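Since the structure comes first, as structure tokens, the remarks are kept for the end.
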Amino acid sequence: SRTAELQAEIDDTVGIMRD
Amino acid sequence: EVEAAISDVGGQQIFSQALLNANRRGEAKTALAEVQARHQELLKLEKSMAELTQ
Numbered sequence: 027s028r029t030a031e032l033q034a035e036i037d038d039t040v041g042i043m044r045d
Numbered sequence: 159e160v161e162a163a164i165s166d167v168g169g170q171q172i173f174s175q176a177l178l179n180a181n182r183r184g185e186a187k188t189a190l191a192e193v194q195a196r197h198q199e200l201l202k203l204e205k206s207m208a209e210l211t212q
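Sequence order for the protein chains is J and K.
Using the deposited numbering, read the first sequence as starting at 27 and increasing by one per residue.
Using the deposited numbering, read the second sequence as starting at 159 and increasing by one per residue.
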């Protein structure tokens, strides 16, 4: 469950930073 | 007449062998067989964060 949360956080930062 | 012929009784030794828990099963049991699918995930973090760093 930790690795999934890390993956989700990284995806969100990717989105923020594409913007 | 008589003499000796067969004697002893109180005297013997034994070794002892041993089996093992079954659950043991194949080495792949938690944090062993899951490392196959956990690696694809970790390769996903590597990639998605490769997108991040680029």
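Note that CB positions come from ideal geometry on N, CA and C, so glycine has one too.
Is the shortest distance between the beta-carbon of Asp-37/J and the beta-carbons of chain K less than 9 Å?
-> Answer yes: the Cβ-Cβ gap between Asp-37/J and chain K drops below 9 Å somewhere.
Would you mind telling me which residues of chain J sit closer than 8 Å to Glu-192/K, beta carbon to beta carbon, in chain order?
-> Within chain J, no residue comes near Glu-192/K; the closest Cβ sits about 11 Å away, beyond 8 Å.
Could you give the C-beta distance for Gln-33/J and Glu-204/K, rounded to a whole number, given that I count them as a contact under 8 Å?
-> Wrong, their Cβ atoms sit about 11 Å apart, outside the cutoff.
Applying a beta-carbon distance threshold of less than 8 Å, which residues of chain J neighbour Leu-203/K?
-> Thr-29, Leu-32, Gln-33, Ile-36, listed in chain order.
Opening and closing residue of the alpha helix (DSSP H) in which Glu-204/K lies = Note, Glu-204/K: alpha helix (DSSP H), 193 to 211.
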